[PDB]
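Participant: Experimental structure and sequence below.
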Amino acid sequence: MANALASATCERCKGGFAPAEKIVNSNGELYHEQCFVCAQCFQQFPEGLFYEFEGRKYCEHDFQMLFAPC
Ligand SMILES: [Zn+2]
Ligand SMILES: [Zn+2]
């Protein structure tokens with residue numbers, strides 16, 4: 001259906017992933033265990049999870065400035 005889809009690839013990297021180790025979903029987008037970047041400073045970050053959000057992701061950098069304890 002729709003146009004010819006290629007495959008499941010990362011968002012800020014488009015890396016063809018699949019395993020729960022390389023594939024990581026949050027909000028609705030797909031990320032790697034080390035692609036999570038700051039929608040503002042684009043600062044990537046390991047762990048595979050930080051202050052991400054729907055349609056927008058952020059690292060503990062811009063978000064620690066806003067100061068959001070938990
Ligand atoms: Zn990636
Ligand atoms: Zn940042």
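Facilitator: Perfect, thanks for sending it. Residues are numbered from 1 along each chain as shown. Ligands and ions are numbered 1, 2, ... in the order given.

Participant: State the number of residues packed around residue 17.
Facilitator: By the criterion of other Cβ atoms under 10 Å, residue 17 has 20 neighbours. From N, CA and C alone the C-beta is placed, and that goes for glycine too.

Participant: which residues touch it?
Facilitator: 8, 9, 10, 23, 30, 32 (Cβ atoms under 8 Å, 6 or more residues apart in numbering).

Participant: Please pick the buried ones from those.
Facilitator: 10, 23, 30, 32 (16 or more other Cβ atoms under 10 Å).

Participant: Near ligand 1, list only the ones from these.
Facilitator: 10, 32 (Cβ under 5 Å from the ion).

Participant: I'd like the buried ones among the contacts of residue 17 laid out as a markdown table, including distance to ligand 2.
Facilitator: As requested, the buried ones among the contacts of residue 17 are exported to a markdown table (distance: Cβ to the ion, whole Å):
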| residue | distance to ligand 2 |
| --- | --- |
| 10 | 18 |
| 23 | 23 |
| 30 | 19 |
| 32 | 17 |
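
Participant: Next, see if stretch 54-70 gets close to ligand 1.
Facilitator: No: judged by Cβ under 5 Å from the ion, stretch 54-70 and ligand 1 are separated, with a smallest distance of 11.9 Å.

Participant: Ends of that stretch, what's the gap?
Facilitator: One end of stretch 54-70 to the other measures 17 Å (Cα to Cα, to the nearest Å).

Participant: Please identify the buried residues of it?
Facilitator: Neighbour-count burial for stretch 54-70 [16+ other Cβ under 10 Å]: 57, 58, 59, 63.

Participant: and if you look at stretch 46-54?
Facilitator: Buried-residue list, stretch 46-54, by 16+ other Cβ under 10 Å: 48, 50, 51, 52.

Participant: just stretch 7-25 next, same as before
Facilitator: Neighbour-count burial for stretch 7-25, with 16+ other Cβ under 10 Å as criterion, is recorded at 10, 11, 12, 15, 17, 22, 23, 24.

Participant: quick one: the fourth one and residue 8 touch, right?
Facilitator: It stands for residue 15. No: between residue 15 and residue 8 there is no contact under Cβ atoms under 8 Å: 9.7 Å.

Participant: sorry, back to before: want to throw the buried residues of stretch 46-54 into a markdown table with secondary structure and distance to ligand 2?
Facilitator: Shown next, in a markdown table, are those (DSSP: H, G, I helix; E, B strand; the rest coil; distance: Cβ to the ion, whole Å):
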| residue | secondary structure | distance to ligand 2 |
| --- | --- | --- |
| 48 | helix | 16 |
| 50 | coil | 9 |
| 51 | strand | 8 |
| 52 | strand | 11 |
